[PDB]
Every structure is written in structure tokens, then in C-alpha cells.
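One chain follows as C-alpha cells, the form deposited in one PDB entry.
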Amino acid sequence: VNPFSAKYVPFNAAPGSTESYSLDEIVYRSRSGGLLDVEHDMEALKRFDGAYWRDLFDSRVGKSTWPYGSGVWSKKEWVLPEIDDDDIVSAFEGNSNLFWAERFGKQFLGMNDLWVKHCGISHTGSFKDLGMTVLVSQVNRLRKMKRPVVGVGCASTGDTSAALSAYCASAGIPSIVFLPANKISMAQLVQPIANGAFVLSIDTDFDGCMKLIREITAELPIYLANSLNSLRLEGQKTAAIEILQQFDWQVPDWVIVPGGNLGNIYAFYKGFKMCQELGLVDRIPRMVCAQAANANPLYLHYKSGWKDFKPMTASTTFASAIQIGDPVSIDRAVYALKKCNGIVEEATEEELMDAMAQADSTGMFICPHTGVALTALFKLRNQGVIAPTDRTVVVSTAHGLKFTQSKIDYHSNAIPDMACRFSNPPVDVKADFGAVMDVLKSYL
């Protein structure tokens, strides 16, 4: 009855390799120690032409029918084809606004066809929801199959844990979060705490919590939620399919994604590539990966001609989730960027904050990581690589509501060594009709 299936496979598998694993297998790496990927049965999917898939996926966008209302699960056949609908844990994720940045594109970039994907408008406020619905759904299934998974554990700065904990909580799955004691107080770990996660405050840095969550997982029947998981990528790749669908199956010229551990940027390529390969569309977009100057291993690797990649030491950024020294999905990203003929650009602490301020002025509320992405767009316009007329999509990874402090400090002119050129502080005036009118007429 159900002809579609998926399995684990070594990332970029060698010719005629026989290595595969059932998705029910709890595995994170291959025989060689490399990363795993979800490989779908392309022979079975190709029994249906692009016309069928377009019509099928279109018939399901924003409908009440479970589970196809979700931006991810409307594409179930391409994500987890063999999961039962009873096991799916979904919070209506995806269907995210592809915001037309008319005033930003025209006033700053000379662009008419610039769009911003607001992935931040989600259940936990970041794109990580797309990935967590797939992972927790699969974990949910394993639990019901009486498999040894008593909960999910992770150690990541808010964004990953918030998504995980929320989805785990709704399904009654215990969620275990390891976080450094002083390094984050209680402000940014509010979501997992509120979502009934079992939170531990450890006497170490972020690195020490990452090491300890491994040790725990080695003995305890606790599933490990990491950058490694190819399941998360299966949900995240639907954002690329969604962008296509929102453009009525027309392919944009450029897509710019913030790259931390570099999984997301790869997920986007896989989504775009899958639509081309199955006959939905005839082409794929060119991709741009944007990084913070304080954490630019991919940037240094690209401009060296895809030769010599080095795990650099990352320094403090306002774009917290993007500051990664040794990116886990590095080989994935490099592969993706080569195939789609892509580009990598960096962004300084000042440049990412300024581009963020300029975006907000157009009626947005986007994260510092998005500022990084917009900086890349700024620079590629300068270099003439992105044309003023080209259909360009910038991916906003998180809502600004999760990164308010960086905005409060910027407009308060309270960041040391920062120029804060686009700050918009409140103006002081005494209760006088003439004085109030004059400052308003000057703004008029």
C-alpha cells in the first residue's frame, strides 16, 4: 500500500556502498565515523511526476486535515513516509511568512524582488521547530514500540533546547537539558524551564556540558539531540520546498542562510535539489552562506578555493547561535555550496547590528543572525554579484523577541566600541504645546 520509504546512509556515500540502517536504529554516525544522512527511495517517488507532487503538496497548504496542515508534514512522503499519523507531534510549524521587503530592498539595496523568510514566527520562535517535529515524532514512535528511549537529552544555548523541550513536553516525553551555571543565568533558558524540562546547572563552560551529555547518553537509554542528527535536517529542508511553493513553483535566484554548525544551509540545498530531481521544478537556486567574522571557518575555506579548512577559535558575538568554531556539518555545507555554485560571506559585529537596525526600520523584528545574512546581501550588491532585479530570499532564523537585549543595548547606545549609527532612542521634551509641535513638524 505505502510505496515510499527512507533509511540512514553515510553522508555522500561512495559508489556502490551497501551501508544503510533502519530509521528505527538509534545511530548518529557511520562505520567510517562520518555523518549520516536520510536517503529516500527515489525510484519509488519517481513513479509520480512533478505535476502529481505539485498538485498534492498544493492541495494541503493551510488545510485543517491532520497532519498535512504543517509546512513540514504536508510533505510527509519526503520526510518520514513510514511514520503513523498517531505518532506525529506537530505544532502547525512552517507556513512561515515570506515577507516582501519592499521598503528595505528599494531604500537600501535598489532591489524590487527581495523577500525575507520569517522562520522566527514559530512555536518556540526559531527555525529549529521544523527539525524538532521530525525528531520528536520519531522518538515518540520508538517509545511506543517499547524501545529503550526514556527521554531526549541535549546541551545547547536555548534555541535547540527550547524547540526540543516544547515538542517533548506536548508528547509527554521527558526532556533533559545541560547548561553552564554562570554563563547563562535564567533569562535565555526560560522556555525549556517553563516547558517542564529536567534542567541541570553545571559547573563548567558550554564545552563541559557537551562532554557530560555524551557521557550520560553512553550509559542511559536517553536519545541524544545534536547538530549531528539528519532527522532535524529532514524537517528543515521543507523551508526550501515551502519557499518554492510560496513562489508558485518558481525558483528564486538567490537564497541567503546564516551558518553556525552549517546544517541548515545544507538542508536548504537538499530541499531545493529534491524538487528539481523529482520534476517539480527544472532548476535550483544559488545559495549564500553568511557567517559572523568572529566565527568564520567556512568563509576562510571558501575564499581559499575550497582547500584547507581549519577549526578556528570563535569569539563573542551578538549572534550567539552562529558562533561556532568547529562546525559539525562542514563537509555537508561544502558539498552543497559546490553543487549549487554557491558563495560564502562574513559579517562583523558592527555590520550585523547595523543591517539588523535597517531591517527593523522597514517593519521587521529579526535576530542578529539575520543581520549577518543581510550584511552578506549588502556586500554582494557592492561586488555586483547579486543584481538589483534578482529574486532574492533571506532566511531569518529567529524572531527578535528572543534577542531583545542586543536591541535594547543598541538603541540605548550602550555597546562599547560600537558606532550604533542607526539607533532610534526616545526624545525628551517638557509638557509644552509649542515644543512638542516643533519637534513633530521637524519629523514631519
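Residue numbers here begin at 1 and follow the sequence given. Basically, rigid core = biggest C-alpha set you can superpose within 1.5 Å across the two forms.
The protein also exists as the form deposited in another entry; that form is not presented, and the subsequent description refers to it.
Asker: After superposing on the rigid core, which residue among 343, 213, 79, 233 shows a C-alpha displacement of 2 Å or more between this form and the one not shown?
Answerer: Correct option: 213.
Asker: For residue 203, is the C-alpha shift between this form and the one not shown 2 Å or more after core superposition?
Answerer: It does, since the residue 203 C-alpha is displaced 2 Å or more between this form and the one not shown after the core fit.
Asker: Once everything's superposed on the core, is residue 194 shifted 2 Å or more at the Cα between this form and the one not shown?
Answerer: The answer is no; the displacement is under 2 Å.
Asker: Would you tell me if residue 89 moves between this form and the one not shown by 2 Å or more at its C-alpha, with the rigid core held superposed?
Answerer: No, residue 89 moves less than 2 Å.
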